[PDB]
Structure formats: structure tokens, C-alpha cells
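Structural description and commentary
Here's the letter readout for the chains.
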2 protein chains.
Amino acid sequence: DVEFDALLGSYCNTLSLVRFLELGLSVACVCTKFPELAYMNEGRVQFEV
Amino acid sequence: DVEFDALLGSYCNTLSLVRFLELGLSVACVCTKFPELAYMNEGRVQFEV
């Protein structure tokens, strides 16, 4: 008697790595970085109109 | 501790300089200027028909 079992393939998934500036939405942003943001209580943005 | 910063990604548009001779309406005028109008009493314009 000859009998056996088998694995006939193992299939996986790859996560799509999405960057934000690669999107078409990024016109509504001005993506500038605070190196310090955790240290801030009140922030105001002042500009001349 | 009050930190003063300035962006480098975005700049304002404060003034919107509109000139009257940029408009389409400036056909309907004859824009000739005096540098002396306040010194003038009744000025007159003639027509011969």
C-alpha cells in the first residue's frame, strides 16, 4: 500500500505601499513638517491680507 | 517660550493690482487726465450738427 498527502502550493499577499504625495489629493495640502509639534500648546498662523 | 517661524513652501498674494486699462470696459471711455481740474470752474464741450 502506497498512500500520501500533499501541499499543492502556498499563496501569499503583498501589501500596497501607498505614499501620500503620490495621490492626486495632495494639492489641497501644503505638506510641511514640524520637527517639533508635541511641545506646542497654542499655534497661530499670521499672514497679510 | 514663544517660537517664531516662517514657511518655505507657501507664499501669500497680498495685493491684487487691477488697472482700469486692463479691463474691457476702457473702450467706452476717453481717459484723458488733467493735472489741474480742481482749479477749473464750468468747462464746456461744443457740438456742431
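Described below are features of the structure shown in this document. (Residues numbered from 1 in each chain as written, not as in the entry; some residues may be left out. Chains lettered and ligands numbered in written order. Part of a larger assembly, values for the part shown. Heavy atoms only, no water.)

What follows is about the pattern of salt bridges. All names here are of chain B. Enumeration over the complete set of coordinates arrives at one salt bridge over all chains. In this structure, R44 engages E42 in a salt bridge whose closest nitrogen and oxygen atoms are separated by 3.9 Å. Here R44 and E42 have matching classes, each one exposed. (Salt bridge = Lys/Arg side-chain N within 4 Å of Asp/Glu carboxyl O. Buried < 20%, exposed > 50% of the residue type's maximum accessible area, 1.4 Å probe, protein only.)

This paragraph deals with the layout of surface pockets. Put simply, the largest pocket is a space of about 1,200 Å³. Around the largest pocket sit 26 residues that line it, and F34 and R44 of chain A together with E3, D5 and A6 of chain B are the ones nearest its centre. Residues belonging to the lining of the largest pocket are distributed by class as follows: 13 nonpolar, six polar and seven charged. (1 Å grid on protein atoms, 1.4 Å probe; cavity = no way out; pocket = protein on both sides within 12 Å on 5 of 7 lines; lining within 4 Å. Points joined across faces, edges and corners; volume = space filled by probe spheres on them. Nonpolar A, V, L, I, M, F, W, Y, C, P; charged D, E, K, R; others polar.)

Turning our attention to the interface of chain A and chain B. Think of interface size as the accessible area that goes away when the parts come together; that is how it is often given. Of the residues lining the interface, five residues belong to chain A; the matching set on chain B comes to five residues. Counting each side, the surface lost to burial between chain A and chain B is near 440 Å², with a carbon and sulfur contribution of 59%. When the buried area of chain A at its contact with chain B is split by residue, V30, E36 and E48 of chain A rank highest and sum to 59% of it. For the interface between chain A and chain B, the tally reads zero residue pairs in polar contact. Of the residues assigned to the side of chain A that touches chain B, the class counts are two nonpolar, one polar and two charged. (Contact = heavy atoms within 4.5 Å. Buried area = accessible area lost by both parts, 1.4 Å probe. Polar contact = N/O pair within 3.5 Å; in protein donor to acceptor, adjacent residues only side chain to side chain.)

On inspection of all chains with the given rule, the structure shows zero disulfides over all chains. The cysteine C31 of chain A is free of any disulfide, with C29 of chain A supplying the nearest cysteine sulfur at 4.0 Å. (Disulfide = S-S within 2.5 Å.)

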